[PDB]
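Undergrad: Dropping the structure in here first, questions after.
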Amino acid sequence: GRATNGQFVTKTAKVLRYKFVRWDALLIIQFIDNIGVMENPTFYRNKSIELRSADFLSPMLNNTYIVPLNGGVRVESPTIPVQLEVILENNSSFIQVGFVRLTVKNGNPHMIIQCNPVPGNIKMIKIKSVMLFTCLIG
Amino acid sequence: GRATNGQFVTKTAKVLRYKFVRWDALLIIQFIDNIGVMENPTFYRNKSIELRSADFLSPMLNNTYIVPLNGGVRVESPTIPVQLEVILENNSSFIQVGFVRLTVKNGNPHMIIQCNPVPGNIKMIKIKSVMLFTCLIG
Amino acid sequence: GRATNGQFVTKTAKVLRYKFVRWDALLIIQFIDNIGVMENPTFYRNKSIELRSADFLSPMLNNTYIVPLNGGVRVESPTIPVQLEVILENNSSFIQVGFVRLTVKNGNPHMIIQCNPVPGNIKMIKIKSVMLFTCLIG
C-alpha cells in the first residue's frame, strides 16, 4: 500500500504525527514532525521532537522516561537509537545517544526513552533524529 | 506472510529465539527473548539477552566478540546499534552502545558484537535492546 | 521484487555502491561496499566507506558533514546510527557513534553525517558499519 497518516497525543496534548504502512505481519512507522532539511546549499537544520517534563510518568527510574500516549497504532517495536538533547532545569544540556521503543500498556501506547545519567532534573528531552520503527505484528 | 518462529543455539546450548518474515529479497528478523514490558503503570523493565564468555570465540581482537551459532537463518545483515551491559570478571559493569551484525562463515551463522574497550576481562555481555534486522537477500 | 544494483558518486568521483528494493511506498536501500567478513574462523574484518575532506561541503557547522551526491535514488530517509572513525589532519583518530540520513536538495541526493566534536580538522571519516535505510516514499 501507500503511506497513511496518523498521530499520537501526549498527556499535555502535544501531537506526534507519523506516517505508516501496514502490510501485516509488518508495520513500518515513521515520525514526521522533525524531518530535517537543507535550508540552503550548505546548511542542514535538524528539527526536534520536543518532549517536556509533564509528558513523562513519575517517578522516573534508571534513566527511563515514559511517555504515555493516546490514539495512534499499538505496537511492541524494536529499540532504535536516536540523537537526544537532554535539557536540565538549569538550562544546561547534554547530547546523547538515546534508545527508543514503542510498547503497549493497558491498551495504551507508550514511548520508552532511555538515556544516560545527567547532573540535575530534566526539563526537556529533544529527539533530533528522524525516527522510523519496523515492527513485527503477531 | 505472517511471522514464523525460529531460533539459534550457542556453543553452550543457549537458545536465542526469534520471529521472522521472509518476502525475498527481504528478510526481517526480530529476537524475541528480551522484549521489555511495563510491569505496572509506571515501571519499565528491560530484559537481557545474556551471552557468556564461553559463547564467544577465542582470541578476541579489537573489541569484537564473535558468537558462533547453529541453526536459524543465514544472513549478511546490516549493523544495528544496541544497548549493551558488559560485565567484567571483577563484576564491574559498563553500559555501552554496541554494534551487532549477523554474518555467515563456513555455512554457519555468526553474531558479531562490537563495543568499546573495558578495563578487564569480560565475563558477560547483556543485550538490553530489542533487536530487529532488516536484511537484503541476494 | 529482488534486489537491484545502483550507486551514488561523490564530488571527487568516489562511487558508493548500493542494492535496493522498491515496493512503493517502501524503499529499502543497503550500501554494499563495506560488508565485513570473517576472513578465517576467528577473525572479523570491518570494512570502511571512506569519505575525504573534499567529498564534504564547506563551511561545516555543528559537527555536520554534508556529502553532495550524484545519481542514485532520491529519498528522505530516517536517521541511522553508525560506527565512525574520524581521522584528523594530524592522523589522530576518534571512534564515534555517527548519525546518517539521506536527504534531497536541489533535486540532488545528499548524505548527512553528524558526529561529536573533535580537537582538530578532519581529513577523513570512515563508516565502519553496514548501512541499510528503510524509507517511506510519499
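Each chain in the C-alpha cells gets a letter, A, B and so on, in the order shown; residues start at 1 in every chain, and ligands are counted from 1 in the order they appear.
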Put chain A on top of chain C with a least-squares fit on all C-alpha atoms, paired in order, and send it back as a CSV table (one decimal) with N, CA and C atoms, in the first residue's frame.

TA:
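Here's the written file part31.csv:
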chain,number,residue,atom,x,y,z
A,1,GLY,N,9.8,-7.7,-5.1
A,1,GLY,CA,10.9,-7.9,-6.2
A,1,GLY,C,12.2,-8.4,-5.6
A,2,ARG,N,13.2,-8.6,-6.4
A,2,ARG,CA,14.6,-8.9,-6.0
A,2,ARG,C,15.4,-7.6,-6.1
A,3,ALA,N,16.6,-7.7,-5.5
A,3,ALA,CA,17.5,-6.6,-5.2
A,3,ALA,C,18.2,-6.0,-6.4
A,4,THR,N,17.9,-4.7,-6.7
A,4,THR,CA,18.5,-4.0,-7.8
A,4,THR,C,19.8,-3.3,-7.4
A,5,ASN,N,20.8,-3.3,-8.3
A,5,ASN,CA,22.0,-2.5,-8.0
A,5,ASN,C,21.9,-1.1,-8.4
A,6,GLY,N,22.7,-0.2,-7.9
A,6,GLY,CA,22.8,1.2,-8.1
A,6,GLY,C,24.0,1.8,-7.4
A,7,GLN,N,24.2,3.1,-7.6
A,7,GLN,CA,25.3,3.8,-7.0
A,7,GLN,C,25.1,5.3,-6.9
A,8,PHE,N,25.8,5.9,-6.0
A,8,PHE,CA,25.9,7.3,-5.9
A,8,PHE,C,27.4,7.6,-6.2
A,9,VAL,N,27.6,8.9,-6.6
A,9,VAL,CA,29.0,9.3,-6.9
A,9,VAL,C,29.3,10.6,-6.1
A,10,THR,N,30.4,10.7,-5.6
A,10,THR,CA,30.8,11.9,-4.8
A,10,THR,C,31.5,13.0,-5.6
A,11,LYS,N,31.6,14.2,-5.1
A,11,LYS,CA,32.3,15.3,-5.7
A,11,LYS,C,33.7,14.9,-6.3
A,12,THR,N,34.4,14.0,-5.6
A,12,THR,CA,35.7,13.5,-6.1
A,12,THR,C,35.6,12.3,-6.9
A,13,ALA,N,34.4,11.9,-7.4
A,13,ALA,CA,34.2,10.7,-8.2
A,13,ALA,C,34.4,9.4,-7.5
A,14,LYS,N,34.3,9.4,-6.1
A,14,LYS,CA,34.2,8.1,-5.4
A,14,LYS,C,32.8,7.5,-5.7
A,15,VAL,N,32.7,6.2,-5.9
A,15,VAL,CA,31.5,5.5,-6.2
A,15,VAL,C,31.0,4.8,-5.0
A,16,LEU,N,29.8,5.1,-4.6
A,16,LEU,CA,29.2,4.4,-3.4
A,16,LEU,C,28.1,3.5,-3.9
A,17,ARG,N,28.4,2.2,-3.9
A,17,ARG,CA,27.5,1.2,-4.4
A,17,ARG,C,26.5,0.8,-3.4
A,18,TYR,N,25.2,0.6,-3.8
A,18,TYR,CA,24.2,0.0,-3.0
A,18,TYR,C,23.3,-1.0,-3.8
A,19,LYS,N,22.6,-1.8,-3.1
A,19,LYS,CA,21.4,-2.6,-3.6
A,19,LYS,C,20.2,-2.0,-3.0
A,20,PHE,N,19.1,-2.0,-3.7
A,20,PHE,CA,17.8,-1.7,-3.1
A,20,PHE,C,16.6,-2.5,-3.6
A,21,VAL,N,15.5,-2.3,-2.9
A,21,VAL,CA,14.2,-2.9,-3.2
A,21,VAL,C,13.2,-1.8,-3.1
A,22,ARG,N,12.4,-1.6,-4.1
A,22,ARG,CA,11.4,-0.5,-4.2
A,22,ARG,C,10.1,-1.2,-4.3
A,23,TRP,N,9.2,-1.0,-3.3
A,23,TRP,CA,7.9,-1.7,-3.3
A,23,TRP,C,6.9,-0.6,-3.1
A,24,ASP,N,7.2,0.7,-3.4
A,24,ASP,CA,6.5,1.9,-3.1
A,24,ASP,C,5.1,1.6,-2.4
A,25,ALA,N,4.9,2.2,-1.2
A,25,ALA,CA,5.6,3.4,-0.6
A,25,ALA,C,6.9,3.1,0.1
A,26,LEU,N,7.4,1.9,0.0
A,26,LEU,CA,8.6,1.5,0.7
A,26,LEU,C,9.8,1.4,-0.2
A,27,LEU,N,10.9,2.0,0.3
A,27,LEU,CA,12.2,1.8,-0.4
A,27,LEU,C,13.2,1.5,0.6
A,28,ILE,N,13.8,0.3,0.5
A,28,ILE,CA,14.8,-0.2,1.4
A,28,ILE,C,16.1,-0.3,0.6
A,29,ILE,N,17.2,0.4,1.2
A,29,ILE,CA,18.5,0.5,0.5
A,29,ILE,C,19.6,0.2,1.4
A,30,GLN,N,20.5,-0.7,1.0
A,30,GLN,CA,21.7,-1.0,1.7
A,30,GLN,C,23.0,-0.6,0.9
A,31,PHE,N,24.0,0.0,1.6
A,31,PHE,CA,25.3,0.3,1.0
A,31,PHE,C,26.1,-1.0,1.1
A,32,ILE,N,26.8,-1.4,0.0
A,32,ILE,CA,27.4,-2.7,-0.1
A,32,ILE,C,28.9,-2.8,-0.3
A,33,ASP,N,29.5,-1.6,-0.3
A,33,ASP,CA,31.0,-1.6,-0.5
A,33,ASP,C,31.8,-2.1,0.7
A,34,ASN,N,31.2,-2.0,1.9
A,34,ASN,CA,31.9,-2.3,3.2
A,34,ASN,C,31.2,-3.4,4.0
A,35,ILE,N,30.8,-4.5,3.3
A,35,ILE,CA,30.2,-5.6,4.1
A,35,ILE,C,31.3,-6.4,4.7
A,36,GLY,N,31.4,-6.4,6.0
A,36,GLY,CA,32.5,-7.0,6.7
A,36,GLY,C,32.4,-8.5,6.6
A,37,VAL,N,33.5,-9.2,6.7
A,37,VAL,CA,33.5,-10.7,6.6
A,37,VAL,C,34.5,-11.3,7.7
A,38,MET,N,34.2,-12.5,8.1
A,38,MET,CA,35.1,-13.3,8.8
A,38,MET,C,36.1,-13.9,7.8
A,39,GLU,N,37.4,-13.6,7.9
A,39,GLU,CA,38.4,-14.0,6.9
A,39,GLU,C,39.0,-15.3,7.3
A,40,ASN,N,38.8,-15.7,8.5
A,40,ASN,CA,39.2,-17.0,9.0
A,40,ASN,C,38.2,-17.4,10.1
A,41,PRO,N,38.3,-18.6,10.7
A,41,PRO,CA,37.3,-19.0,11.7
A,41,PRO,C,37.3,-18.1,12.9
A,42,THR,N,38.3,-17.2,13.2
A,42,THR,CA,38.2,-16.4,14.5
A,42,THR,C,38.4,-14.9,14.3
A,43,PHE,N,38.5,-14.4,13.0
A,43,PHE,CA,38.7,-13.0,12.8
A,43,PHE,C,37.7,-12.3,12.0
A,44,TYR,N,37.1,-11.2,12.5
A,44,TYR,CA,36.2,-10.4,11.8
A,44,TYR,C,36.8,-9.1,11.3
A,45,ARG,N,36.9,-8.9,10.0
A,45,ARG,CA,37.4,-7.7,9.5
A,45,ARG,C,36.2,-6.7,9.1
A,46,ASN,N,36.2,-5.5,9.8
A,46,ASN,CA,35.4,-4.5,9.3
A,46,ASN,C,35.9,-3.8,8.1
A,47,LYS,N,35.0,-3.3,7.3
A,47,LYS,CA,35.4,-2.6,6.1
A,47,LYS,C,34.8,-1.2,6.2
A,48,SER,N,35.5,-0.2,5.5
A,48,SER,CA,35.1,1.2,5.7
A,48,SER,C,34.5,1.8,4.4
A,49,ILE,N,33.5,2.6,4.5
A,49,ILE,CA,33.3,3.6,3.4
A,49,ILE,C,34.1,4.8,3.8
A,50,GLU,N,35.0,5.2,3.0
A,50,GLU,CA,36.0,6.2,3.3
A,50,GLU,C,35.6,7.5,2.6
A,51,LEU,N,35.3,8.5,3.4
A,51,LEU,CA,34.9,9.8,2.8
A,51,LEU,C,35.9,10.9,3.2
A,52,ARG,N,36.5,11.5,2.2
A,52,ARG,CA,37.6,12.5,2.4
A,52,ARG,C,37.0,13.9,2.6
A,53,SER,N,37.9,14.8,3.1
A,53,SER,CA,37.6,16.3,3.2
A,53,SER,C,36.9,16.9,2.0
A,54,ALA,N,37.5,16.6,0.8
A,54,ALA,CA,37.0,17.1,-0.5
A,54,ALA,C,35.6,16.6,-0.9
A,55,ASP,N,35.1,15.4,-0.3
A,55,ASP,CA,33.7,14.9,-0.5
A,55,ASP,C,32.7,15.8,0.2
A,56,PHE,N,33.1,16.6,1.2
A,56,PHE,CA,32.2,17.4,2.1
A,56,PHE,C,32.0,18.8,1.6
A,57,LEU,N,30.8,19.4,2.0
A,57,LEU,CA,30.6,20.8,1.7
A,57,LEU,C,31.3,21.7,2.7
A,58,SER,N,31.6,22.9,2.3
A,58,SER,CA,32.3,23.9,3.1
A,58,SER,C,31.4,25.2,3.1
A,59,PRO,N,31.2,25.9,4.3
A,59,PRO,CA,31.7,25.6,5.7
A,59,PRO,C,30.9,24.5,6.4
A,60,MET,N,31.6,23.7,7.3
A,60,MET,CA,31.0,22.7,8.1
A,60,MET,C,30.5,23.4,9.4
A,61,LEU,N,29.3,23.2,9.8
A,61,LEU,CA,28.7,23.7,11.1
A,61,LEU,C,28.2,22.7,12.0
A,62,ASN,N,28.4,22.8,13.3
A,62,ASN,CA,27.7,21.9,14.3
A,62,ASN,C,28.0,20.4,14.1
A,63,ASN,N,29.2,20.0,13.8
A,63,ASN,CA,29.6,18.7,13.5
A,63,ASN,C,28.7,17.9,12.6
A,64,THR,N,28.4,18.6,11.4
A,64,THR,CA,27.5,18.1,10.4
A,64,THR,C,28.3,18.1,9.1
A,65,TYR,N,28.6,17.0,8.5
A,65,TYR,CA,29.3,16.9,7.3
A,65,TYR,C,28.3,16.4,6.2
A,66,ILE,N,28.3,17.2,5.1
A,66,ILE,CA,27.4,17.0,4.1
A,66,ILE,C,28.1,16.6,2.8
A,67,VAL,N,27.7,15.4,2.4
A,67,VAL,CA,28.2,14.8,1.2
A,67,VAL,C,27.3,14.9,0.0
A,68,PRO,N,27.4,16.0,-0.9
A,68,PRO,CA,26.6,16.0,-2.1
A,68,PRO,C,26.9,14.8,-2.9
A,69,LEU,N,25.8,14.2,-3.5
A,69,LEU,CA,25.9,13.0,-4.3
A,69,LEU,C,25.2,13.2,-5.7
A,70,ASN,N,25.7,12.5,-6.6
A,70,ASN,CA,25.1,12.5,-7.9
A,70,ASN,C,24.6,11.1,-8.3
A,71,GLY,N,23.4,11.0,-8.9
A,71,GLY,CA,22.9,9.7,-9.4
A,71,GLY,C,22.0,9.1,-8.4
A,72,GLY,N,22.0,7.8,-8.3
A,72,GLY,CA,21.2,7.0,-7.3
A,72,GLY,C,19.8,7.4,-7.2
A,73,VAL,N,19.2,6.9,-6.1
A,73,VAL,CA,17.8,7.2,-5.7
A,73,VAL,C,17.7,8.6,-4.9
A,74,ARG,N,16.5,9.1,-4.8
A,74,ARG,CA,16.3,10.4,-4.1
A,74,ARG,C,15.3,10.3,-3.0
A,75,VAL,N,15.8,10.1,-1.8
A,75,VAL,CA,15.0,9.8,-0.6
A,75,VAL,C,15.2,10.8,0.6
A,76,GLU,N,14.2,10.9,1.4
A,76,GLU,CA,14.3,11.5,2.7
A,76,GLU,C,14.2,10.3,3.7
A,77,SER,N,15.4,9.8,4.0
A,77,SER,CA,15.4,8.6,4.9
A,77,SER,C,15.2,9.0,6.4
A,78,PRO,N,15.0,8.0,7.2
A,78,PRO,CA,15.2,8.2,8.6
A,78,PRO,C,16.7,8.2,8.9
A,79,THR,N,17.1,8.5,10.2
A,79,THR,CA,18.4,8.6,10.7
A,79,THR,C,18.8,7.3,11.2
A,80,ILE,N,20.0,6.8,10.8
A,80,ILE,CA,20.5,5.6,11.3
A,80,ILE,C,21.8,5.9,12.0
A,81,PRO,N,22.1,5.3,13.1
A,81,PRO,CA,23.4,5.4,13.8
A,81,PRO,C,24.4,4.5,13.2
A,82,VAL,N,25.7,4.9,13.2
A,82,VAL,CA,26.7,4.1,12.6
A,82,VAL,C,28.0,4.1,13.4
A,83,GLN,N,28.9,3.2,13.1
A,83,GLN,CA,30.3,3.3,13.7
A,83,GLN,C,31.1,4.2,12.8
A,84,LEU,N,31.6,5.3,13.3
A,84,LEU,CA,32.5,6.2,12.6
A,84,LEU,C,33.9,6.1,13.1
A,85,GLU,N,34.9,6.3,12.2
A,85,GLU,CA,36.2,6.7,12.7
A,85,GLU,C,36.5,8.0,12.0
A,86,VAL,N,36.8,9.0,12.8
A,86,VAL,CA,37.1,10.3,12.3
A,86,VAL,C,38.6,10.5,12.4
A,87,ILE,N,39.2,10.6,11.2
A,87,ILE,CA,40.7,10.8,11.1
A,87,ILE,C,41.0,12.3,11.0
A,88,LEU,N,41.8,12.9,11.9
A,88,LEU,CA,42.2,14.3,11.9
A,88,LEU,C,43.4,14.5,11.0
A,89,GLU,N,43.6,15.8,10.6
A,89,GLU,CA,44.8,16.1,9.8
A,89,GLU,C,46.1,15.6,10.4
A,90,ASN,N,46.2,15.6,11.8
A,90,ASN,CA,47.4,15.1,12.4
A,90,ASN,C,47.5,13.6,12.6
A,91,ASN,N,46.6,12.9,11.8
A,91,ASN,CA,46.4,11.4,11.8
A,91,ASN,C,45.9,10.8,13.1
A,92,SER,N,45.6,11.7,14.1
A,92,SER,CA,44.9,11.3,15.3
A,92,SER,C,43.5,10.8,14.8
A,93,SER,N,42.9,9.8,15.5
A,93,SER,CA,41.6,9.3,15.1
A,93,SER,C,40.7,9.0,16.3
A,94,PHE,N,39.4,9.3,16.1
A,94,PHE,CA,38.3,9.1,17.1
A,94,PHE,C,37.2,8.2,16.7
A,95,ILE,N,36.9,7.2,17.5
A,95,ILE,CA,35.8,6.3,17.2
A,95,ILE,C,34.6,6.8,17.8
A,96,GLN,N,33.5,6.9,17.0
A,96,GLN,CA,32.3,7.6,17.4
A,96,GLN,C,31.0,6.9,16.9
A,97,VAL,N,29.9,7.0,17.6
A,97,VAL,CA,28.6,6.8,17.0
A,97,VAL,C,28.2,8.0,16.2
A,98,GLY,N,28.2,7.8,14.9
A,98,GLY,CA,27.6,8.8,13.9
A,98,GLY,C,26.2,8.6,13.6
A,99,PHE,N,25.5,9.6,13.1
A,99,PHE,CA,24.1,9.5,12.7
A,99,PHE,C,24.0,10.0,11.3
A,100,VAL,N,23.5,9.1,10.4
A,100,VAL,CA,23.4,9.3,9.0
A,100,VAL,C,22.0,9.4,8.5
A,101,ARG,N,21.7,10.3,7.6
A,101,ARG,CA,20.5,10.4,6.8
A,101,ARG,C,20.8,10.6,5.3
A,102,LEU,N,19.8,10.2,4.5
A,102,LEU,CA,19.8,10.7,3.1
A,102,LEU,C,18.7,11.8,3.0
A,103,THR,N,19.0,12.9,2.4
A,103,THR,CA,18.1,14.0,2.2
A,103,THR,C,18.2,14.4,0.7
A,104,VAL,N,17.2,15.2,0.3
A,104,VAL,CA,17.2,15.7,-1.1
A,104,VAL,C,17.3,17.3,-1.1
A,105,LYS,N,18.3,17.8,-1.8
A,105,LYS,CA,18.4,19.2,-2.0
A,105,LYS,C,18.7,19.6,-3.5
A,106,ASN,N,17.9,20.5,-4.1
A,106,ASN,CA,18.1,20.9,-5.5
A,106,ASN,C,18.1,19.7,-6.4
A,107,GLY,N,17.1,18.8,-6.2
A,107,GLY,CA,16.9,17.5,-6.9
A,107,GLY,C,18.1,16.6,-6.7
A,108,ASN,N,19.1,17.0,-5.9
A,108,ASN,CA,20.2,16.1,-5.7
A,108,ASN,C,20.2,15.3,-4.3
A,109,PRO,N,20.6,14.1,-4.3
A,109,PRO,CA,20.7,13.4,-3.0
A,109,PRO,C,22.0,13.9,-2.3
A,110,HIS,N,21.8,14.1,-0.9
A,110,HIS,CA,22.9,14.4,0.0
A,110,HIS,C,22.9,13.4,1.1
A,111,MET,N,24.0,13.0,1.5
A,111,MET,CA,24.2,12.2,2.7
A,111,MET,C,24.6,13.1,3.9
A,112,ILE,N,23.9,13.1,5.0
A,112,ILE,CA,24.1,13.9,6.1
A,112,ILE,C,24.8,13.1,7.2
A,113,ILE,N,26.0,13.5,7.6
A,113,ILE,CA,26.7,12.7,8.6
A,113,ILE,C,27.0,13.6,9.8
A,114,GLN,N,26.5,13.2,11.0
A,114,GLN,CA,26.6,14.0,12.1
A,114,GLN,C,27.3,13.3,13.2
A,115,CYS,N,28.3,13.9,13.8
A,115,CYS,CA,29.1,13.3,14.9
A,115,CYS,C,29.4,14.3,16.0
A,116,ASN,N,30.4,13.9,16.8
A,116,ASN,CA,30.8,14.7,18.0
A,116,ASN,C,32.0,15.6,17.7
A,117,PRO,N,32.2,16.6,18.6
A,117,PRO,CA,33.4,17.5,18.4
A,117,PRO,C,34.7,16.7,18.4
A,118,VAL,N,35.6,17.1,17.5
A,118,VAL,CA,37.0,16.5,17.6
A,118,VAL,C,38.0,17.7,17.7
A,119,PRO,N,39.1,17.5,18.4
A,119,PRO,CA,40.2,18.5,18.6
A,119,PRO,C,41.1,18.6,17.4
A,120,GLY,N,40.6,19.2,16.3
A,120,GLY,CA,41.3,19.4,15.1
A,120,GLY,C,40.5,19.4,13.8
A,121,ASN,N,41.1,19.6,12.7
A,121,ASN,CA,40.5,19.5,11.4
A,121,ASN,C,40.4,18.1,10.8
A,122,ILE,N,39.3,17.7,10.2
A,122,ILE,CA,39.0,16.4,9.7
A,122,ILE,C,39.6,16.2,8.3
A,123,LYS,N,40.3,15.1,8.2
A,123,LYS,CA,40.9,14.7,6.9
A,123,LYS,C,40.0,13.6,6.3
A,124,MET,N,39.4,12.8,7.2
A,124,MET,CA,38.7,11.6,6.7
A,124,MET,C,37.7,11.1,7.7
A,125,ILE,N,36.5,10.7,7.2
A,125,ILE,CA,35.6,10.0,8.0
A,125,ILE,C,35.4,8.6,7.4
A,126,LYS,N,35.6,7.5,8.2
A,126,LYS,CA,35.3,6.1,7.8
A,126,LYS,C,34.0,5.6,8.4
A,127,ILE,N,33.1,5.1,7.6
A,127,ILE,CA,31.9,4.5,8.1
A,127,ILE,C,32.2,3.0,8.1
A,128,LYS,N,32.3,2.4,9.3
A,128,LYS,CA,32.7,1.0,9.6
A,128,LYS,C,31.5,0.0,9.7
A,129,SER,N,30.3,0.6,9.7
A,129,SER,CA,29.0,-0.1,9.8
A,129,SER,C,28.4,-0.4,8.4
A,130,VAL,N,27.7,-1.5,8.4
A,130,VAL,CA,26.9,-1.8,7.2
A,130,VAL,C,25.6,-1.1,7.3
A,131,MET,N,25.4,-0.1,6.4
A,131,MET,CA,24.3,0.8,6.4
A,131,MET,C,23.1,0.3,5.6
A,132,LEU,N,21.9,0.2,6.2
A,132,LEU,CA,20.7,0.0,5.4
A,132,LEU,C,19.6,1.0,5.9
A,133,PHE,N,19.0,1.7,5.0
A,133,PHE,CA,17.9,2.6,5.3
A,133,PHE,C,16.6,2.0,4.9
A,134,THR,N,15.6,2.0,5.8
A,134,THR,CA,14.2,1.7,5.3
A,134,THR,C,13.5,3.1,5.2
A,135,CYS,N,13.0,3.4,4.0
A,135,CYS,CA,12.4,4.7,3.7
A,135,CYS,C,10.9,4.6,3.4
A,136,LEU,N,10.2,5.7,3.7
A,136,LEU,CA,8.8,5.8,3.3
A,136,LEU,C,8.7,6.8,2.2
A,137,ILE,N,8.2,6.4,1.0
A,137,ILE,CA,8.1,7.3,-0.1
A,137,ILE,C,6.6,7.8,-0.1
A,138,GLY,N,6.5,9.1,0.0
A,138,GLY,CA,5.2,9.8,-0.2
A,138,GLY,C,4.1,9.4,0.8

Undergrad: If you run DSSP over the backbone, which residues in stretch 49-103 of chain B end up strand (DSSP E)? Put them as an MDAnalysis selection string.

TA: chainID B and resid 49:52 64:71 80:88 93:103
